[PDB]
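First, one chain by itself in structure tokens, the form deposited in one PDB entry.
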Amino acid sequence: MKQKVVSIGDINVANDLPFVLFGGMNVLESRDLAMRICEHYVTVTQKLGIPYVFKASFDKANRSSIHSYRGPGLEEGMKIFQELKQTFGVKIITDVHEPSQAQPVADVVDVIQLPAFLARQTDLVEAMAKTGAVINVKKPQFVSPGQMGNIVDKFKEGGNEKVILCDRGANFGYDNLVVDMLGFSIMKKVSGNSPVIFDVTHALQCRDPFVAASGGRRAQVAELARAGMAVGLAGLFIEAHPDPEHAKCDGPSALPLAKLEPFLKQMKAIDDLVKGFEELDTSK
């Protein structure tokens, strides 16, 4: 059939409708740090005809604590969004965490997001449904693609149908991740022919680490993000930074802010002749 289509303003994600870029950076650091990162993506998108959704997050919770650089806090967090917002009037995105705060957040951001870790949490499916915004079910590393029609189900069941599926890779043996390009469709088909997207930072993150032959970073984001794009994704998802990120030069991987442009020119041209490619199939 044709692919379902959750519509974001002039942008429309869909599996035969170009890789929309849910670009961005990680932890919402400086109301103005953003800007280097916010503004810089925006230019390029346009130069290439890539649509753009800026990604930013208002919190921490995952890893180190007792405050340890926990991020902006909904209150002060949500302001910074509202700035770069009209500054260059663009589509943003944010992951809630614990129900309540699932509405305020859902006013500055265009595409809310549910953390891989709480996917099977119900009360947030529920508490993101008694909303009606664009949801981005971030896929858990321990869920076979084929269970995603079970995060989607209850979403619609919660009133909310506007869903998106972001794949990040599954774990491979202790501390490692992988991505099977064959998981995409599988997710595509259980998810009412819904839109499927590749998150390469949080993915490649551990994929590069297979210590012995690792024990110390190294990146190939475009080399792995080409694989996804070369199969047929609704979109791509990446985070950037000049000096890899205070939040990405320690946690996951990270895209070199100024290295962005030609990466996309790869992703645009590669993708290019795929959404083109007239539907083929080899089950006969």
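Between two forms, the rigid core is defined as the largest C-alpha subset superposing within 1.5 Å. Numbers follow the displayed sequence, beginning with 1. Shifts are known only where both forms have a C-alpha.
Gaps at residue 74 occur in none of the other compared entries of the protein that contain both adjacent residues, all of which model it rather than a third dropping it. In the other compared entries of this protein that model both flanking residues, residue 217 lacks coordinates in at least a third of them. When the mean C-alpha temperature factors of 138-146 and 180-188 are read from the deposited coordinates, 138-146 comes out higher. The PDB entry records a higher mean C-alpha B factor for 211-219 than for its counterpart among 211-219 and 235-243. Ranking 35, 229, 258, 44 by Cα temperature factor from the entry places 44 first.
Of the residues listed, 194, 121, 201, 113, the entry assigns the biggest Cα temperature factor to 121. Compared with the other modelled residues of the chain, the Cα B-factor recorded for residue 174 ranks in the lowest third. Remark: residue 26 belongs to the middle third of its chain, ranked by C-alpha B-factor as recorded. In the PDB entry, a CA B factor belonging to the lowest third of its chain's modelled residues is recorded for residue 49. Per-chain ranking of the deposited C-alpha B factor places residue 56 in the middle third. Ranked within its chain, residue 99 lands in the middle third, by CA B factor from the PDB record.
Omitted here: the form deposited in another entry. The next part is about that form.
Once the cores line up, the CA of residue 245 ends up 2 angstroms or more apart between this form and the one not shown.
The Cα position of residue 30 differs by less than 2 Å between this form and the one not shown after fitting on the rigid core.
Relative to the superposed core, residue 43 undergoes a C-alpha shift smaller than 2 Å between this form and the one not shown. In sequence order, the runs of at least 3 consecutive residues whose Cα atoms each shift by 2 Å or more between this form and the one not shown, relative to the superposed core, are 64-67, 245-251.
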